[PDB]
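Asks: Sending over a structure as structure tokens; questions will come in a sec.
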Amino acid sequence: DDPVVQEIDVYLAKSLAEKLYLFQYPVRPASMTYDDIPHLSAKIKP
Amino acid sequence: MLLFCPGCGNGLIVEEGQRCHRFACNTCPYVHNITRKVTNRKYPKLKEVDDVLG
Amino acid sequence: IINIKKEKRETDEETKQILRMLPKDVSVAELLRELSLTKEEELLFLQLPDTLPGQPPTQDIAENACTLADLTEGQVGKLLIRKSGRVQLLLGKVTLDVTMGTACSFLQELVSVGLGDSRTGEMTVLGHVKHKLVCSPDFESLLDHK
Amino acid sequence: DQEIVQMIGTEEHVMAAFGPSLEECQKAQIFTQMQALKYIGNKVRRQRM
Ligand SMILES: [Zn+2]
């Protein structure tokens, strides 16, 4: 079993190393998104 | 069946509005009027044995 | 009634309780359809091992953890797709294996929270996360190697 | 409640079995963490003063 196909390269980027967050909503199915809902504010603590 | 509020995720109950039967949430103003037939069958187990023995 | 605010059936893959009228995929087929069947870009979420097979480059040390925070930009490894569906990640001298993570069905949004100013910052919704990858060391090869 | 049901399980008979507990919870007005904590504290017994 040789590596027949898809010898994909892997790059690394540190431009957004400290600014990248992952938000997951446990109660919202992936089909329905918050794209159309107008947001008003976001409070955060660094 | 069990249905949950898209807003907060609490359980939805069935009540009556001023025009139609609607699903409603007990903790937020979310509602949903019923348009067409909605059904939830269960198909309970039937007594299949003839019970002849001996 | 509004078609995009219907009540949700509990099974997140089958929320279509009312209508107007999934087989478990594998990484090789995943990437194969991601590139051959379609050319659209995709956002993936892969979990790397705790320590990468490297050394902190002049990071002031100790055999400590070598994470992505220490490595530099550029090509860091190759992704190999062998026959019979084996999916490896050659990250230098060693090769890890990449498998499917838990099939998430809830919404996962990859966003960028950039505090450009100490008083005002930007949230940038980069995209949606659909599939999760898990990378693990091929312990059998590391053991039979030495 | 949806998160609780997700944690319990997504099989149909699981929801059928767990429905009465949700109904009993909804009969009371317990909907926040504070309300449930207050209920439990009411259901608490002091260890001999
Ligand atoms: Zn609600």
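If you're wondering, the header gives electron microscopy, 3.0 Å.
Each residue, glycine too, has its Cβ placed from N, Cα and C.
In case it helps, Swiss-Prot gives these features for our protein:
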- B:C5, B:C8, B:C25, B:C28: Zn(2+) 1 binding site (BINDING)
- B:5-28: zinc finger (ZN_FING)
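Situate these features within the shown structure.
Replies: Just so you know, the Cβ of B:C25 (Zn(2+) 1 binding site) picks up 21 other Cβ atoms within 10 Å once every protein chain is counted.
Under 8 Å from some Cβ of the zinc finger (B:5-28) lie the Cβ atoms of residues 34, all in the same chain and six or more residues away from its ends.
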Asks: Relative to the mean position of the Cβ atoms of B:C5, B:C8, B:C25, B:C28, the recorded Zn(2+) 1 site, which additional same-chain residues have Cβ within 8 Å?
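Replies: Near the Zn(2+) 1 site, beyond B:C5, B:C8, B:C25, B:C28, sit B:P6, B:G7, B:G9, B:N10, B:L12, B:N26, B:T27, B:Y30.
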Asks: Go through B:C5, B:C28, the listed binding-site residues, and name the one with the sparsest Cβ surroundings, counting other Cβ atoms within 10 Å.
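Replies: Per-residue Cβ counts within 10 Å for the binding-site residues B:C5, B:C28 bottom out at B:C28.
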Asks: Taking DSSP three-state, what's B:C5 (Zn(2+) 1 binding site) in: helix, strand or coil?
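Replies: Reduced to three states, the DSSP call for B:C5 (Zn(2+) 1 binding site) is coil.
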Asks: Determine the Cβ neighbour count for B:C8 (Zn(2+) 1 binding site): the number of other Cβ atoms within 10 Å of its Cβ.
Replies: 15
